[PDB]
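Peer 1:
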Amino acid sequence: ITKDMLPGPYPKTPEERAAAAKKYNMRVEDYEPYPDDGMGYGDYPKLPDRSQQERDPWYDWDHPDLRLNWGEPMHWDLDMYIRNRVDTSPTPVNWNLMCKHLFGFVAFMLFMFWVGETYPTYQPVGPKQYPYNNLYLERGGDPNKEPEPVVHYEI
Amino acid sequence: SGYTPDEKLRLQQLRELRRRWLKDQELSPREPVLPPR
Amino acid sequence: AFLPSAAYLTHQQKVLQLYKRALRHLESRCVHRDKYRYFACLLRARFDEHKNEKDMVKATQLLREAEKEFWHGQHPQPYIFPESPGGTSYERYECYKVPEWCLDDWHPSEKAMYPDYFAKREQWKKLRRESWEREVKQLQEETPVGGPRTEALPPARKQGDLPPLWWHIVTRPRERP
Amino acid sequence: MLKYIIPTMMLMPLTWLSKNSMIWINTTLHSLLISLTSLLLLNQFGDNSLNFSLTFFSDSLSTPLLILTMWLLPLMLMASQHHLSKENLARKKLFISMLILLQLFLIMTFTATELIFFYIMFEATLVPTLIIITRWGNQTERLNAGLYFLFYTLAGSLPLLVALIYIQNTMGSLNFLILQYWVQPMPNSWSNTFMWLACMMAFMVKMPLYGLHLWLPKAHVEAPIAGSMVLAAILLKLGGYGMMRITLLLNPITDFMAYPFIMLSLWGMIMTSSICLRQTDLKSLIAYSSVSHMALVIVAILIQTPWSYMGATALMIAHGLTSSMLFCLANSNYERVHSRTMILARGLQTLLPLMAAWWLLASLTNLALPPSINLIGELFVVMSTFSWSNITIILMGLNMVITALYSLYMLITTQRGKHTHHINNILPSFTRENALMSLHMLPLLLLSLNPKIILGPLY
Amino acid sequence: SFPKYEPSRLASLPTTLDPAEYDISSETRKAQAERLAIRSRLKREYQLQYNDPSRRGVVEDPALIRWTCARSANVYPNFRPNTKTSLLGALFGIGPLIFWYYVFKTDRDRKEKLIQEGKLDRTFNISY
Amino acid sequence: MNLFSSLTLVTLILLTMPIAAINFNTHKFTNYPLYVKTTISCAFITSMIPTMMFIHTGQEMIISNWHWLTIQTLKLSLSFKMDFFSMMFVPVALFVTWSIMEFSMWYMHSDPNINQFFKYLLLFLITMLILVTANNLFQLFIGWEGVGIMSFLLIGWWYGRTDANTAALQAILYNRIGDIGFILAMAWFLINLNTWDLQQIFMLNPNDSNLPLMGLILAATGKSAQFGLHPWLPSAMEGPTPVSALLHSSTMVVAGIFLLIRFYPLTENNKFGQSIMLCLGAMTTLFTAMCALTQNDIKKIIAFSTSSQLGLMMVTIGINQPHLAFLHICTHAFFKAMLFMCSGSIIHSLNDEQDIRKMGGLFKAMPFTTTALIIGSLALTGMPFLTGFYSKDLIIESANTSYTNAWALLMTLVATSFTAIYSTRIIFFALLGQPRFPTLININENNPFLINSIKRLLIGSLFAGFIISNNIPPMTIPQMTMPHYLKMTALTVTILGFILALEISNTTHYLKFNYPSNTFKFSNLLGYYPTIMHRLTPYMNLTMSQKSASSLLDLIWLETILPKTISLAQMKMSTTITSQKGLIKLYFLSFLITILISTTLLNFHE
Ligand SMILES: CCCCCCCCCCCCCCCCCC(=O)OC[C@H](COP(=O)([O-])OC[C@H](O)COP(=O)([O-])OC[C@H](COC(=O)CCCCCCCCCCCCCCCCC)OC(=O)CCCCCCCCCCCCCCCCC)OC(=O)CCCCCCCCCCCCCCCCC
Ligand SMILES: CCCCCCCCCCCCCCCCCC(=O)OC[C@H](COP(=O)([O-])OCC[N+](C)(C)C)OC(=O)CCCCCCCCCCCCCCCCC
Ligand SMILES: CCCCCCCCCCCCCCCCCC(=O)OC[C@H](COP(=O)([O-])OCC[N+](C)(C)C)OC(=O)CCCCCCCCCCCCCCCCC
Ligand SMILES: CCCCCCCCCCCCCCCCCC(=O)OC[C@H](COP(=O)(O)OCCN)OC(=O)CCCCCCCCCCCCCCCCC
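In structure tokens:
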């Protein structure tokens, strides 16, 4: 490996852009760098942010698990777009509609659990009745004190 | 239209070498040669 | 889109791939074989309706709205074959697909356990390394200037030559080791 | 302590008078004898530290760091003998001399009864480390990394020199045993504020503190394997040792001076661990993991509760063993692919099963799997910082998610998946490399049986 | 008619629904042929080294070396401190430090005020 | 005392012995899986003696046999709690695990890492019986993280497959999010009660138990796959079938339910925790049973089945009925392990076919698998006096007759109908109808391993609810008086589920094609929860892990402010000092300016 095959500064002349595209092994009309706002990308290509899951799986890849070739310019976030991580693959339902359905379902369920908590069900009975002054010694009451007389009657 | 004659010839030659390799993956009746237990 | 030999998909290939994916996603929608059989013949009739369209603009437009039709009407979890990418058994046995060169790094006590196998492997390695220079000089005499245009490889041309770049296709591991 | 300093110095004639093929075996043998001798430091009492002389003592904080330090030298000799096999014999003996000299400085850094002698040995440890990194490092950036390692430590520690000499002039002594009984409460002033900063920022750099940690993903990465082992396993823990000594003299001002730095650690362990999720260099991933683990030790020392000191010294010993093993595993793959890119060599469990099991155990101890002493230290620090503030558990708990996430991703990227096709120089694992992994991991798992010896002076 | 597919950041547009896939113009043919040519050249250059029996080592990928150098070494020489980097470095760097500082400071002022006034239940709390 | 405690510890030491055997080996084994299966059968036989002498007297004890570590007031010891829960759960786990391993001696027979597989499965069993027999929070945390790590190692069994490693790291992710709350609970108990032992927790009986119970509910959400932290359990089917049968149906996934059952004296006095558990379990048993209505992979259907049953277990904890929840665990283990075993027998007979749209005609083809699958689905739906009747029905008879969140009750009943719907979905697409699998029929099930292993759990699924529910002592007062519509509620809703789903099944034979509506795409794509939250929350992490943390702070700004500004300052001052033209005139003119400033401007002559 040598110096002019390593990434360099941001290309500003079109011949430096062509040398950059020749360096990253891709077409000059396909080569697009990151916008020069000073984030440290330099001349590195802005690939269109596709996950490696979206690649053709039946192709005889050089790296089949990564779905990536030798000499192919990797994405800046190639560690992020592996098939073990963030997938950008197309979904049969729209993303905004998925967010609407999920947020509406979760919010409706939370609201209806709050409605059921505000208006709870019960059985048409009285309280459960316990002897010995509502079980004063069993619940941990001290025997030197004396509770108020809880007396239940027959019915 | 299927394969070109170059591709057909290459797949036939690769098929022959592949079947030779896979047949030569078989074992001998003396193999595995185990140590004296 | 992305193919090793061709640089693109033709219109005919796009129609065939849409036809196959439409039948597969329809079969996912149409679980039973007689009901899929009926609706698959109806879908074949729909594909055979606009078969003889000579205007490539109109044909490309019909293909595009047929893709819109399919994307609106696809199964969410379609049927995938088990060893197909996305299936339940896809790339399952890749943890057993040990490459061949590891056999070169065995100890002699376990190479001598299989005498005929390695005695037969040495002539494979011999045939490979005396075929290598002939197939390299085959590749550098047939490739045009500017590099190869497609990823296709030539066959063997002589009686005695092996096809160029053959070793990792012939000596790939089995799918069930 | 002179029964350890003199054998460590007799390791210099033992490596310079040896036959040319015996200079690894002799140093390994006699350094393992010194490491077996190191167990006599376990004569610790519940009230008094093991006080030897006017110059040396050893409490239950310095004792496990000493045993780890004297154990680390044979492991560094086993680690560094393969890639220095084509080296000249004189430079090979000089490398062994630098390792022996660094052990020599460390064993009387942790046993310094007096703090300016602690400073002299604490900054004496720079020079063999600097020479090892900037001389036997592999890549170009070892020189710049040695510069950053030297000038963060010296810029933090030259105010520590003035602060310690000020304590010598004010209190009269810098003996730690005297200052246990002559400590005055440090009141609130700007003078005492910069007193606190001058006493603390050197150890903040050596831990490292987040924001000041920029030397470490260069110094640990550009070092050789023995340099990375001693930098991760011991030389970070000088900062925790020194903070646990020097916060005796910084009360009650620490109770309101620690507030920014705790934030810098409680956020720093969220950041650096997150950085470990996107590191392509595996050795840098282990470096940022070391920063993330030492952030908890900084928090635990700055909240200065007993559970926090017990958990912090258990985390220091446990992280020393675990991080040393992780650097040795990364070296075991670097000696087969000659690159440190983590995505390069994949699927290594298909080729190296027992070495993959060593990766598995080092990753499980990295993610604090109970009952490892990793988890004992991690858990006790989390207990003490829940007592400090009940919201910190969020910053703790999310960390314990992310600490799992890169600990297994490192296991999944390197050991699992499909193996790389074109890499065919993946040799079978040597007996030396598996010996190195086992001598890291088996003491670490034996310390789960009897962890009270690595829980510090206030067990 | 049918609801049109809305592509998102995490849900890309399919190739089949893409209009620019259907470009039959000759400049797209030249682009696809030139990309096929570059990919075929890199494929050939790889598998000549990959099938070589004399090679026993690592086929070095300068794309991977170039990526690992771009992620680490080339970041600071291509950094420019301007308005955007300053606001993102001061918003994401010292922002949460200030946030967690005021959260933990307010919580500990509240807790110390409850403890020193005899309000917080600290009955069995003797481990700390 | 001498018999009970000895055979208690003999069970665990016996289970640890084949780990020592596989670690101390040199040779090729004489069927090490048979050795581990014989060991676990012997462990079941051994552990039945303390269970029978618990059924006799109610004999409970604590074996705090080994002092481990005293952190100043916290004496952590190796302490095993032999109460009702351990005495009922250890023989059930050993019986189920013995059936799973005799299944695995046939199913995993072609695997050249079969000894490693049985090693990992025994390590799972050792960690789980460490979990359920634990007396303090540290030992329970050991068993907790142990079953999490063995879940990792057994989901990612075929580790070359990317999806298995992805699902294994996903399972670790959701479990550690639950572990946040588990360690929160441990922190609260140490700081406010000075204990990790359960006895001092129960005897002190804290009143302000909102926060530790929130931590325990979060831990059970992560471990027992409740809503919000659910998708790892259907992802966990990516491992082998006996992994899903043992770990991810019956044994590991009930550990968060077991955690909230273990702290029942703290939940029987906290109504807020009961309401939170009730709403969360009702949400889970609605959502997962709704997702199971439309799935086609058979292991995913049975995974949503067992997560819906875990939601029902969370419900019956939340109505302050913890012993019914534990009875339902011990009941549910039998038929859900058998449903996974029968599904995997179908999968093996159809050459790794798991999609139910390529099944069918297996009624007469696999008659023992058919019989056991029908008995398992009837035990799942609560056919009367099969094993699932003896807990689940009673659960409904307590869920109706109690002061309860009524929306939780209605969603519990809708879940009860959905159980019947997906059970007859399994029976309709796998057994009934005509074949849909390919033409090379290799249907075979005649191994005595397979037959005997499904046979013992079949006898369990017939008789175990009766045997256990008659042998256990009463721990509550069962509500048995209720009106006729309220007694027959679960059976009527279950029969309505069967009838409605038979109608839905017979509508598929028509020659009519309908477009997929948004309800079908919502239930088929898993409520959109693994689609959004697995694409968005990693994204929002990892850009923040690189564009903010890695590149912006620790490669630029923290590198800019301290070293680079100071280094450029020293370089610039060095270039200003040493930029002298060498002229003697200028140096002496500077000396004159020096003397003038020293005299007039600084007064150094005074
Ligand atoms: C003082 C006397 C003490 C005596 C008792 C010692 C106690 C144990 C100490 C530590 C033991 C570590 C050694 C084994 C692992 C490393 C080597 C290895 O992998 O070998 C594989 C090999 C067998 O496999 P193989 O097929 O040949 O090759 C491997 C394959 O390639 C493929 O590999 P694989 O992945 O399939 O197989 C690896 C597998 C992979 O499995 C896992 O990774 C799963 C493990 C984690 C989850 C399950 C456990 C969770 C926690 C519960 C257990 C602890 C608490 C239990 C207590 C009750 C409850 C509180 O791991 C195991 O099988 C190990 C089982 C035991 C695990 C112990 C916990 C380690 C986990 C990480 C740390 C956790 C916290 C600390 C725990 C400390 C415990 C002491 O084993 C050997 O050859 C063993 C050689 C001899 C080992 C001696 C160990 C002690 C040496 C100390 C010397 C000085 C003292 C004298 C005592 C000597 C005693 C003999
Ligand atoms: C790694 C990079 C960061 C390193 C950070 C190092 C610590 C940061 C703060 C250091 C301050 C300087 C040392 C203070 C020593 C205090 C000792 C003492 O007795 O103090 C009380 C004394 C008080 O005097 P006194 O004690 O004689 O007074 C008697 C007592 N009273 C007050 C009651 C009358 O403090 C001072 O005299 C001055 C203290 C502040 C000094 C300011 C000058 C230095 C500026 C900061 C430099 C920081 C490092 C620069 C390099 C950075 C990288 C290139
Ligand atoms: C196959 C070989 C088997 C063994 C062969 C040799 C023995 C043959 C049979 C005869 C029995 C021998 C005599 C009895 C044994 C000795 C009795 C005795 O007093 O032993 C001293 C002690 C008993 O405890 P103790 O309380 O006396 O001592 C503890 C030490 N102090 C007090 C300082 C803390 O130790 C043992 O018994 C050691 C073995 C314990 C068994 C369980 C080990 C589990 C390891 C787990 C590690 C991680 C746990 C982390 C979590 C813990 C919980 C929070
Ligand atoms: C009792 C109350 C109960 C309350 C419940 C609700 C509260 C929690 C809210 C949800 C939080 C968890 C869910 C969000 C993160 C899920 C991440 C995950 O699992 O990603 C899986 C993803 C692959 O998934 P998938 O694509 O399905 O795999 C098949 C392959 N085609 O894998 C990847 O993409 C790999 C990603 C690796 C890096 C992970 C980055 C994200 C980490 C997120 C940590 C969040 C911690 C939150 C802590 C809060 C504490 C209060």
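Sequence lines, in order, name chains v, r, t, M, p and L. Quick note, the deposited numbering runs 3 ahead of the 1-based positions in the first sequence. Letter 1 of the second sequence, counting from 1, is numbered 1 in the deposited numbering, and no numbers are missing. Letter 16 of the third sequence, counting from 1, is numbered 16 in the deposited numbering, and no numbers are missing. Letter 265 of the fourth sequence, counting from 1, is numbered 265 in the deposited numbering, and no numbers are missing. Letter 124 of the fifth sequence, counting from 1, is numbered 124 in the deposited numbering, and no numbers are missing. Letter 233 of the sixth sequence, counting from 1, is numbered 233 in the deposited numbering, and no numbers are missing. The beta-carbon is built from N, C-alpha and C at its ideal position, and this holds for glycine as well.
1. Return the bridge partner residues of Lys81 of chain L from the DSSP annotation.
2. May I ask you to verify whether the segment 244–254 of chain L touches the segment 328–341 of chain L, counting CB pairs closer than 8 Å and requiring at least 3?
3. Return the residues of the segment 117–146 of chain v that lie within a Cβ-Cβ distance of less than 8 Å from chain p, sorted by chain order.
4. Have a look at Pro82 of chain t and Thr519 of chain L and give me their C-alpha separation to the nearest angstrom.
5. Indicate whether at least one CB of chain p lies closer than 9 Å to the CB of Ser548 of chain L.
6. Below 9 Å on C-beta distance, what does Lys111 of chain t contact in chain p?
7. Can you list the residues of chain p that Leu165 of chain t reaches, using a CB-CB cut of under 7 Å?
8. Find the nearest neighbour of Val162 of chain M within the set M:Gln184, M:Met121 and M:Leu115, judged by alpha-carbon distance.
9. Quick check on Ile71 of chain L: does DSSP put it in helix, strand or coil?
10. Counting beta carbon pairs with one atom in the segment 182–197 of chain M and one in the segment 158–174 of chain M, are three or more of them shorter than 8 Å?
11. Would you decide whether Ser345 of chain L is buried or exposed? Buried here means 16 or more other CB atoms lie within 10 Å of its CB.
12. Below 8 Å on the Cβ atoms is my contact criterion, and I expect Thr127 of chain L with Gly143 of chain L to pass it. Report the Cβ-Cβ distance as a whole number of Å.
13. Nearest chain L C-beta to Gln77 of chain t closer than 9 Å, yes or no?
14. Would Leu447 of chain M and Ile317 of chain M qualify as a contact pair, given that the criterion is a beta-carbon distance under 9 Å?
15. Given that a residue counts as buried once 16 or more other Cβ atoms are within 10 Å of its Cβ, and exposed if not, what is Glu141 of chain v?
16. Run through chain M and tell me which residues come within less than 9 Å of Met544 of chain L, C-beta to C-beta.
17. Please list the terminal residues of the continuous alpha helix (DSSP H) segment that includes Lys299 of chain L.
18. Say the cut is 8 Å; is the CB of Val291 of chain M nearer than that to a heavy atom of ligand 6?
19. For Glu91 of chain t, does the three-state DSSP call read helix, strand or coil?
20. Give the range of the alpha helix (DSSP H) segment to which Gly178 of chain L is assigned.
21. Can you name, in chain order, every residue of its own chain whose Cβ lies under 6 Å from the Cβ of residue 539 of chain M, other than the five neighbours on each side?
22. Does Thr401 of chain L have its Cβ less than 9 Å from a Cβ in chain v?
23. Smallest Cα separation from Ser289 of chain M: which of M:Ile301, M:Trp136 and M:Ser274?
24. Starting from the beta carbon of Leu162 of chain t, find every residue of chain r whose beta carbon is closer than 9 Å, and list them in chain order.
25. Just checking my contact of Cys328 of chain M with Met437 of chain M at CB under 8 Å: how many whole Å lie between their CB atoms?
26. Report the residue from L:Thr70, L:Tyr120 and L:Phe80 whose alpha carbon sits nearest the alpha carbon of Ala20 of chain L.
27. Under 9 Å, Cβ to Cβ, is there at least one residue of chain v near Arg56 of chain p?
28. Does ligand 2 have even one heavy atom less than 8 Å from the beta-carbon of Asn192 of chain M?
29. Bridge partners of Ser58 of chain M, per DSSP?
30. Using a Cβ-based criterion (distance less than 8 Å to any ligand heavy atom), does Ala202 of chain M qualify as near ligand 2?
Peer 2: From the atom records:
1. As a working note, residue 81 of chain L is residue 81 in the sixth sequence. Beta-bridge pairing links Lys81 of chain L to L:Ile62.
2. yes
3. none
4. Reading the third sequence from its first residue, position 82 is the one you call residue 82 of chain t. Reading the sixth sequence from its first residue, position 519 is the one you call residue 519 of chain L. Whole-angstrom Cα-Cα distance: 27 Å.
5. The count along the sixth sequence starts at 1 and reaches residue 548 of chain L at position 548. It does; some Cβ of chain p falls within 9 Å.
6. By one-based count along the third sequence, residue 111 of chain t stands at place 111. Here the premise fails: no neighbours, minimum Cβ distance about 18 Å.
7. Position 165 of the third sequence, counted from the start, is the residue given in the question as residue 165 of chain t. By Cβ distance, chain p contributes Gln47 and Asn51.
8. As a first step, residue 162 of chain M must be located in the fourth sequence, where it is residue number 162. The residue with the shortest Cα to Cα distance from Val162 of chain M is M:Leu115.
9. Translated into the one-based positions of the sixth sequence, residue 71 of chain L becomes position 71. The answer is strand: DSSP assigns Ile71 of chain L an E or B state.
10. yes
11. Position 345 of the sixth sequence, counted from the first residue, corresponds to residue 345 of chain L. With 16 or more Cβ atoms within 10 Å of its Cβ, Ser345 of chain L is classed as buried.
12. For the purposes of this step, residue 127 of chain L is taken as the residue at position 127 of the sixth sequence. For the purposes of this step, residue 143 of chain L is taken as the residue at position 143 of the sixth sequence. Indeed they touch by this definition, with Cβ atoms about 5 Å apart.
13. Here the question's residue 77 of chain t lines up with position 77 in the third sequence. Yes - at least one Cβ of chain L is within 9 Å of the one on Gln77 of chain t.
14. Start at 1 with the first residue of the fourth sequence, and residue 447 of chain M comes out as number 447. Start at 1 with the first residue of the fourth sequence, and residue 317 of chain M comes out as number 317. Yes, Cβ-Cβ distance for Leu447 of chain M and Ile317 of chain M is below 9 Å.
15. As a first step, residue 141 of chain v is located in the first sequence; it is residue number 138 there, counting from the start. Exposed, by the Cβ-count rule.
16. Taking the sixth sequence and counting its residues from 1, one reaches residue 544 of chain L at position 544. Per Cβ cutoff of 9 Å: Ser274.
17. To locate residue 299 of chain L, count along the sixth sequence from 1; it is residue 299. Its alpha helix (DSSP H) spans residues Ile298 to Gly318.
18. This structure does not include ligand 6; its bound ligands are ligand 1, ligand 2, ligand 3 and ligand 4.
19. Sequence index remark: in the third sequence, residue 91 of chain t carries index 91 (1-based). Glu91 of chain t: coil per DSSP, three-state reduction.
20. Translated into the one-based positions of the sixth sequence, residue 178 of chain L becomes position 178. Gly178 of chain L -> alpha helix (DSSP H) spans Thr162 to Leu193.
21. Coverage of chain M is limited to positions 1 through 459, which leaves residue 539 of chain M absent and any answer about it impossible.
22. What you label residue 401 of chain L is simply residue 401 of the sixth sequence in a count that begins at 1. Closer than 9 Å to some Cβ of chain v, the Cβ of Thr401 of chain L qualifies, so yes.
23. Position 289 of the fourth sequence holds residue 289 of chain M. If we check each option's Cα against that of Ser289 of chain M, M:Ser274 comes out closest.
24. Here residue 162 of chain t is taken as the residue at index 162 of the third sequence, counted from 1. Under the 9 Å cutoff, chain r gives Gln13 and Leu17.
25. Position 328 of the fourth sequence, counting from 1, holds the residue named residue 328 of chain M. Position 437 of the fourth sequence, counting from 1, holds the residue named residue 437 of chain M. Indeed, because the Cβ distance is near 7 Å, the residues count as touching under 8 Å.
26. In the sixth sequence, the residue the question calls residue 20 of chain L occupies position 20. Nearest option by C-alpha distance: L:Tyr120.
27. If you number the fifth sequence from 1, residue 56 of chain p lands on position 56. No, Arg56 of chain p does not count as interfacial toward chain v.
28. Walking along the fourth sequence from the start, residue 192 of chain M turns up at place 192. Checking the Cβ of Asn192 of chain M against ligand 2 gives yes.
29. Within the fourth sequence, the letter at position 58 stands for residue 58 of chain M. Note: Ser58 of chain M sits in a beta bridge opposite M:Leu50.
30. Taking the first residue of the fourth sequence as 1, we reach residue 202 of chain M at position 202. Answer for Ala202 of chain M: yes, Cβ within range of ligand 2.
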